[PDB]
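Student: Before anything else, here's the structure in question.
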Amino acid sequence: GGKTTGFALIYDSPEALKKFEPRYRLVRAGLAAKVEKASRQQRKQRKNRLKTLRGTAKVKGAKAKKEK
Amino acid sequence: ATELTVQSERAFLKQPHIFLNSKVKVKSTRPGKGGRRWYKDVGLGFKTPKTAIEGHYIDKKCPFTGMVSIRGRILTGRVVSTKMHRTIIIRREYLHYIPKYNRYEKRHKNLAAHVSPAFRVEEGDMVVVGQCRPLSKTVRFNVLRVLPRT
Amino acid sequence: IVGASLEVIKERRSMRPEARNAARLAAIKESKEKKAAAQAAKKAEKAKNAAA
Amino acid sequence: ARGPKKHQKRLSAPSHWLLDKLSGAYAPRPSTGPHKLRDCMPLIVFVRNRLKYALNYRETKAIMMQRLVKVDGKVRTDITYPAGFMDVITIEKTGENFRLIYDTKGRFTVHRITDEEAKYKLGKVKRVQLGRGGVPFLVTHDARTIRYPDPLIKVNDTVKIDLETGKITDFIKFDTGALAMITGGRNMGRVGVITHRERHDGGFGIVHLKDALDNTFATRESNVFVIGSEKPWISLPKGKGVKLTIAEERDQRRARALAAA
Amino acid sequence: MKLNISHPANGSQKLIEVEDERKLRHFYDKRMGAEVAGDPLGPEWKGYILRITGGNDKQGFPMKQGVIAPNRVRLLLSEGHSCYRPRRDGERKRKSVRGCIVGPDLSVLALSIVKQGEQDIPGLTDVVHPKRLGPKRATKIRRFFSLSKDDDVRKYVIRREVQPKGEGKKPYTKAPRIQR
RNA sequence: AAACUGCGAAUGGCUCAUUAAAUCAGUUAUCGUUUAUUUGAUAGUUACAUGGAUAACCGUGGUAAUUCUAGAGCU
RNA sequence: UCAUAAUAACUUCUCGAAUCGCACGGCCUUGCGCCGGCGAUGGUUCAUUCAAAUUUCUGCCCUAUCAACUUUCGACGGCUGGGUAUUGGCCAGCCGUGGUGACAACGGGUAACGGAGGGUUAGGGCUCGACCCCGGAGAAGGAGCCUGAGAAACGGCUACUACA
Ligand SMILES: [Mg+2]
Ligand SMILES: [Mg+2]
Ligand SMILES: [Mg+2]
Ligand SMILES: [Mg+2]
Ligand SMILES: [Mg+2]
Ligand SMILES: [Mg+2]
Ligand SMILES: [Mg+2]
Ligand SMILES: [Mg+2]
Ligand SMILES: [Mg+2]
Ligand SMILES: [Mg+2]
Ligand SMILES: [Mg+2]
Ligand SMILES: [Mg+2]
């Protein structure tokens, strides 16, 4: 056929749009940019890998010099 | 029932929280208040037997002059064994329906109940029992009335 | 302690009580005019209330 | 099973929630509260599935975080809050109030109410006795406890609650000739007049009612909710709960259709 | 065989290596928490008395106060014990620890100075390490600087000057959040 | 950031080995008990503020080896 | 013998707030004086909710080449206590000799988790149901336990056997 049906949302203000409207549609429309992240498996690997360090896990190279 | 003596045991039998040795004597109509024998009524149109009010027996499982409340089902039956101490066995008969053959067959079950010294029960009699809290391994009912003999 | 040198800690702890008493009176006084200024500022709001 | 449950499977939810068997595997699982789990009206289902104000779950939970919706004059912020019979839900921004009441088919329906009448409730009393210190009190069906009540008030009656001060303005006795609505059983939505009551010693009595159209029905006392003697205090919904049979239901449906167009 | 010697007064610690056994003979058969004289250890230690604080075996297991044995024994360490940190409430794990009686088998001793001697140590008693921070409660501050009931304790508080990385502006001051 | 403290981790997901009045089903009772949480009521016999520890942290070690740990100095 | 009230006493013995965030206000004896709002987190008892554990009645396949079974060291009932969140032969002492069965007990088989239900049709039936819904049990095989309202838990611990 030649007819098409969809859904529409009309907002009072553009700021009200960004306050309640979901992000992925914003990416669809181009208003907002996409978020860059690593894959789900790599993120999962990192989180459990940091469970083996105790205190200030951000830098852990101080134990590399123990062997001399 | 037939009991020769009331105090024939190692310990002393008495109703709990019934004060019996007061210097001043006061006469009151209330059963338990004045210091004399205490008793209650179960309900459901069941009348307290006359022998209970003036009897001297001590029992903590009788629905009258006892600490047991009656709630649940009420059943009726025929006594088949009453030759042990303060407990009887009744026999109940019913009909089970087999759907395929469109006819019935007889079945039966055995039940254990506690009998108070107020009643006198002999073999082959109708009794009415009521549910109560677990009193033993296999005793959960108490006799309330003995129907007249044919 | 690292923040304060040994000379500082001894002198600070050993400040004379009479000097401390003067210090208290000095400290209280500026707060007292500042509180009076608080009533003067409240008068400033009172003037604003009169104006509108 | 090693503790209490916290998940509820779809296809096991109460029927009167009217949830589709497709589009997901789980259900809202209403949280604990003042109303029974079996017959309650979760706030998320009411806001999203009936009023159609919120499209899905994500903004549905946002709505309560903005504190826009309140029940009984007090704001609630949990999506699975158990609402129930006679409770009043108020949305000020749009400007209307709702009361949850069964329809004649046994499910909750939307019912506009006026603002002046939407500021009080009424509920059946469950137990009355004196508490600690000798102070008498009673508790109704919606977990409302009130101290120092009228001594003549007994159990199974109904009492009118102000909902702002919680004071006992008025009450209705439970006797023959009163107007009642059924709350449990297969007889969902019916309204009738008490004809006579028959009691059975040992529990589980039955009461006989009579409808305005000379219909007859009976129900347990635990399912009767008296709402007036005559001229019921609350405003009944459309149809007044008369339970027309299917023959006239189809006759009226075609009559109304032809009448409109 | 290493030695970890500490000076609590100066907040200074040092590590020494000892390979000659007859100097270490007088430590044998001593118990954890005891007092010993350091005179046989060397001439620079004359007038020193030391407290035995702990040690480690060659295998790496630590010494436990209260267990009398020269070998090592297995124990069911619960919560609150010394050499165990549980990972879950009420959890107990079986570990192996060495007794509190000193012997030739252990690899390193840890001990501290109790009384200062006439002689000085080249790398231990000549330096003092600053405490990182100071008191944080109002009562502690008052007791420390010996103030009275009303003396406006707010002014009297240690201040450490910190500066940003490279903004080029002047540094500012940071404060310890007086409690109570 | 790190760390103490609070809560959850006893829900979910998988399988059908054992089990013949046992499990289970419909129907009752708890006047015979425990109950986090949610909801509603409810408690008139130095004080302008009490006391010691501990984590994070600085710095020094042991074991080929683990989400192993010691003793010393702060809050 | 209920809810609740009163009296004489008792207790290694509880609770009755030394916690946190927003607002900037009002009095006269003008003191760095007094009073005052809304929330968060906690807290004794009652009520409610999600429940949980026990519990009444009736209902399960084939087999007699299974006809008598149960009580050594509880098998049936009575009493005094202990233990448990509570009842109870659940356990400890004393005293009676009971309980089930041809209306099929007891035992042996099951290529047996139970139910809602699937397949096949004149009607009556025969057969299947590990499997998306409800209930029960288990985490290689046995036992024991901490924390916690809730576990005899195994993506919790301890010990033995077999693998590794
Ligand atoms: Mg489960
Ligand atoms: Mg009842
Ligand atoms: Mg199988
Ligand atoms: Mg509360
Ligand atoms: Mg007993
Ligand atoms: Mg016989
Ligand atoms: Mg099997
Ligand atoms: Mg199945
Ligand atoms: Mg299990
Ligand atoms: Mg296990
Ligand atoms: Mg696993
Ligand atoms: Mg699991």
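Lettering and numbering for the structure tokens are positional, with chains as A, B, ... in the shown order, residues counted from 1 in each chain, and ligands counted from 1 in the shown order.
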Would you mind listing the residues within 10 Å of ligand 1, counting only C-alpha atoms (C1' of nucleotides) and all ligand atoms, as a VMD selection string?
Tutor: (chain D and resid 1 to 5) or (chain F and resid 10 to 13)
Student: Set the cut-off to 10 Å, count only C-alpha atoms (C1' of nucleotides) and all ligand atoms, and list whatever residues fall near ligand 9 as a list in words.
Tutor: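 The neighbouring residues of ligand 9 are, in order, residues 1 and 2 of chain D; 10 of chain F; 137, 138, 139, 151, 152, 153 and 154 of chain G.
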Student: Write the residues of the preceding selection, restricted to C-alpha atoms (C1' of nucleotides), as a PDB file, in the first residue's frame.
Tutor:
```pdb
ATOM      1  CA  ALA D   1      12.411 -22.790  50.177  1.00  0.00           C
ATOM      2  CA  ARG D   2      15.292 -21.220  52.123  1.00  0.00           C
TER       3      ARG D   2
ATOM      4  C1'   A F  10      19.207 -17.920  51.581  1.00  0.00           C
TER       5        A F  10
ATOM      6  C1'   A G 137      14.548 -32.767  46.636  1.00  0.00           C
ATOM      7  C1'   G G 138      20.055 -32.428  45.083  1.00  0.00           C
ATOM      8  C1'   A G 139      24.880 -29.908  43.638  1.00  0.00           C
ATOM      9  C1'   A G 151      21.109 -21.648  55.370  1.00  0.00           C
ATOM     10  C1'   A G 152      22.225 -27.621  58.058  1.00  0.00           C
ATOM     11  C1'   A G 153      23.880 -22.898  51.951  1.00  0.00           C
ATOM     12  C1'   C G 154      28.018 -25.682  48.578  1.00  0.00           C
TER      13        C G 154
END
```
Student: Smallest atom-to-atom distance to chain F: which of E:42, E:177, E:71, E:27, using only C-alpha atoms (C1' of nucleotides)?
Tutor: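 Closest candidate: E:177.
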Student: Name the residues of chain C that fall into helix (DSSP H, G or I) according to DSSP on the backbone, using the chain letters and numbers of this document, as number ranges by chain.
Tutor: C: 6-13, 17-51
Student: Within 10 Å of ligand 5 (counting only C-alpha atoms (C1' of nucleotides) and all ligand atoms), which residues show up? I'd like them as a list in words.
Tutor: residues 135 and 136 of chain B; 79, 80, 81, 82, 87 and 88 of chain G
Student: Just N, CA and C atoms (P, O5', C5', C4', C3', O3' and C1' of nucleotides) for this one: save the residues we selected as a PDB file, in the first residue's frame.
Tutor:
```
ATOM      1  N   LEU B 135      -1.943 -34.200  71.273  1.00  0.00           N
ATOM      2  CA  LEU B 135      -1.787 -34.628  72.655  1.00  0.00           C
ATOM      3  C   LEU B 135      -0.807 -35.782  72.819  1.00  0.00           C
ATOM      4  N   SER B 136      -0.422 -36.436  71.734  1.00  0.00           N
ATOM      5  CA  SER B 136       0.438 -37.615  71.772  1.00  0.00           C
ATOM      6  C   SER B 136       0.936 -37.864  70.353  1.00  0.00           C
TER       7      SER B 136
ATOM      8  P     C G  79      -1.169 -37.877  81.393  1.00  0.00           P
ATOM      9  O5'   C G  79      -0.058 -37.892  82.531  1.00  0.00           O
ATOM     10  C5'   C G  79      -0.437 -37.971  83.896  1.00  0.00           C
ATOM     11  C4'   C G  79       0.757 -38.139  84.800  1.00  0.00           C
ATOM     12  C3'   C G  79       1.797 -37.034  84.740  1.00  0.00           C
ATOM     13  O3'   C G  79       1.431 -35.899  85.501  1.00  0.00           O
ATOM     14  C1'   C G  79       2.870 -39.141  84.717  1.00  0.00           C
ATOM     15  P     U G  80       2.014 -34.453  85.124  1.00  0.00           P
ATOM     16  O5'   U G  80       3.523 -34.517  85.626  1.00  0.00           O
ATOM     17  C5'   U G  80       3.834 -34.463  87.010  1.00  0.00           C
ATOM     18  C4'   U G  80       5.320 -34.556  87.243  1.00  0.00           C
ATOM     19  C3'   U G  80       6.168 -33.553  86.483  1.00  0.00           C
ATOM     20  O3'   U G  80       6.170 -32.265  87.074  1.00  0.00           O
ATOM     21  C1'   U G  80       7.120 -35.696  86.262  1.00  0.00           C
ATOM     22  P     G G  81       6.362 -30.960  86.156  1.00  0.00           P
ATOM     23  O5'   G G  81       7.648 -31.283  85.277  1.00  0.00           O
ATOM     24  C5'   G G  81       8.719 -30.356  85.188  1.00  0.00           C
ATOM     25  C4'   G G  81      10.041 -31.054  85.004  1.00  0.00           C
ATOM     26  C3'   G G  81      10.887 -30.569  83.836  1.00  0.00           C
ATOM     27  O3'   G G  81      11.650 -29.425  84.178  1.00  0.00           O
ATOM     28  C1'   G G  81      10.769 -32.933  83.806  1.00  0.00           C
ATOM     29  P     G G  82      12.082 -28.364  83.054  1.00  0.00           P
ATOM     30  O5'   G G  82      13.099 -29.177  82.142  1.00  0.00           O
ATOM     31  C5'   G G  82      14.443 -29.375  82.552  1.00  0.00           C
ATOM     32  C4'   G G  82      15.222 -30.118  81.502  1.00  0.00           C
ATOM     33  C3'   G G  82      15.385 -29.390  80.178  1.00  0.00           C
ATOM     34  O3'   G G  82      16.506 -28.527  80.200  1.00  0.00           O
ATOM     35  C1'   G G  82      14.637 -31.603  79.786  1.00  0.00           C
ATOM     36  P     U G  87       5.890 -26.442  74.221  1.00  0.00           P
ATOM     37  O5'   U G  87       4.771 -27.235  73.414  1.00  0.00           O
ATOM     38  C5'   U G  87       3.393 -27.022  73.681  1.00  0.00           C
ATOM     39  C4'   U G  87       2.529 -27.912  72.824  1.00  0.00           C
ATOM     40  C3'   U G  87       2.836 -29.398  72.913  1.00  0.00           C
ATOM     41  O3'   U G  87       2.241 -30.007  74.044  1.00  0.00           O
ATOM     42  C1'   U G  87       2.599 -28.770  70.648  1.00  0.00           C
ATOM     43  P     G G  88       3.038 -31.132  74.861  1.00  0.00           P
ATOM     44  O5'   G G  88       3.313 -32.248  73.761  1.00  0.00           O
ATOM     45  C5'   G G  88       2.258 -33.068  73.284  1.00  0.00           C
ATOM     46  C4'   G G  88       2.730 -33.977  72.181  1.00  0.00           C
ATOM     47  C3'   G G  88       3.937 -34.832  72.514  1.00  0.00           C
ATOM     48  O3'   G G  88       3.609 -35.959  73.304  1.00  0.00           O
ATOM     49  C1'   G G  88       4.223 -33.867  70.382  1.00  0.00           C
TER      50        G G  88
END
```
Student: Please identify the strand (DSSP E) residues within chain E (assignment by DSSP from backbone atoms) and present them as a PyMOL selection string.
Tutor: chain E and resi 2-7+12-17+35-37+49-57+72-77+93-98+106-115+160-162+172-174
Student: Please provide the set of residues having any atom within 12 Å of residue G:43, restricted to only C-alpha atoms (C1' of nucleotides), with same-chain residues fewer than 5 positions apart removed, written as a list in words.
Tutor: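 That gives residues 42 and 43 of chain F; 15, 16 and 17 of chain G.
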Student: Compare E:156, E:61, E:144, E:172 by their minimum atom-to-atom distance to chain F, counting only C-alpha atoms (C1' of nucleotides), and give me the closest one.
Tutor: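 Going through E:156, E:61, E:144, E:172 one by one, the smallest distance to chain F is for E:61.
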Student: Grab me every residue within 9 Å of ligand 8, counting only C-alpha atoms (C1' of nucleotides) and all ligand atoms, and send it over as an MDAnalysis selection string.
Tutor: chainID G and resid 113:115 129:131
